[PDB]
Amino acid sequence: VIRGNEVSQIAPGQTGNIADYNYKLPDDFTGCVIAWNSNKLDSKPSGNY
Amino acid sequence: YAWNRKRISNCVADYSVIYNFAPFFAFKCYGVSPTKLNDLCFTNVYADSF
Amino acid sequence: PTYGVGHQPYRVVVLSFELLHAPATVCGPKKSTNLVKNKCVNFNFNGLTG
Ligand SMILES: *[C@@H]1O[C@H](CO)[C@@H](O)[C@H](O)[C@H]1NC(C)=O
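Residues numbered from 1 in each chain as written, not as in the entry; some residues may be left out. Chains lettered and ligands numbered in written order. Part of a larger assembly, values for the part shown. Heavy atoms only, no water.

Method of determination, as annotated in the archive: cryo-EM, at 2.9 Å resolution.

Now the structure itself:
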């Protein structure tokens, strides 16, 4: 689970916060990335920590 | 029709706080890429808001 | 839930196929056919045609 600003960061050839320190994909990667919004299930009014 | 232009100069620009300041999706650039903006540098930056 | 559309949580599932070098284990739904020889036929061996 990531934030909405960094969904496009899950791609071959990306740098920053998620792609450099958390989850890096190879340059010659073959496969599919499936992302969808989960604001109903993974959010709380007090703040999901 | 009366868009405001702000001149940015004589400073150090960090582009990683743009995602923190505003809740957008795509940082859509044309002559550059979003991930390489912190390495090289420019003369002047203008901001146009409407 | 009061945040903007760029700060919503997102679930990401990444499927990572590896191309065929070892004998194939996972394959899609297709009916197999009897093997014929010494004839000009179109073949399909583990997804590659000819
Ligand atoms: C914008 O500025 C106001 C006033 O300084 C502040 O209360 C608000 O939190 C700021 N917004 C963000 C996203 O930081």
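Next comes the rest of the description.
Asker: An account of the interface of chain B and chain C is needed here, citing residue identities and associated values.
Answerer: Chain B puts 5 residues into the contact, and the matching count from chain C is 5 residues. Our count for the chain B to chain C interface comes out at 0 salt bridges. Taken together, chain B and chain C are joined by 0 residue pairs in polar contact. Across the side of chain B that touches chain C, the residue classes break down as 5 nonpolar, no polar and no charged. (Contact = heavy atoms within 4.5 Å. Salt bridge = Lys/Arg side-chain N within 4 Å of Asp/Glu carboxyl O. Polar contact = N/O pair within 3.5 Å; in protein donor to acceptor, adjacent residues only side chain to side chain. Nonpolar A, V, L, I, M, F, W, Y, C, P; charged D, E, K, R; others polar.)

Asker: Give a description of the interface of chain C and chain A that names residues and reports values.
Answerer: Counting residues at the interface gives 14 residues for chain C and 24 residues for chain A. Contact between chain C and chain A buries roughly 1900 Å² in total, counting both sides, with carbon and sulfur atoms accounting for 58%. In terms of surface lost to chain A, no three residues of chain C exceed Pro9, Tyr10 and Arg11 of chain C, which account for 40% of the buried area on that side. Run the count over chain C and chain A and you get 1 salt bridge. Measuring nitrogen to oxygen at the nearest pair gives 2.6 Å for the salt bridge that ties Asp42 of chain A to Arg11 of chain C. (Buried area = accessible area lost by both parts, 1.4 Å probe.)

Asker: So what's going on with unusual backbone geometry? Residues and values would help.
Answerer: Residue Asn10 of chain B is not a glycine yet carries a positive backbone phi of 60°. With respect to the helices and strands, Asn10 of chain B occurs in the loop between β1 (4-8) and α1 (18-21). Backbone geometry places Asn38 of chain C, a non-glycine residue, at a positive phi of 60°. Within the secondary structure, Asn38 of chain C is located in the loop between β1 (9-15) and β2 (44-45). Given a relative accessible area of 82%, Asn38 of chain C falls into the exposed group. (Helix = DSSP H or I, 4+ residues; strand = E, 2+ residues; numbered from the N terminus. Buried < 20%, exposed > 50% of the residue type's maximum accessible area, 1.4 Å probe, protein only.)

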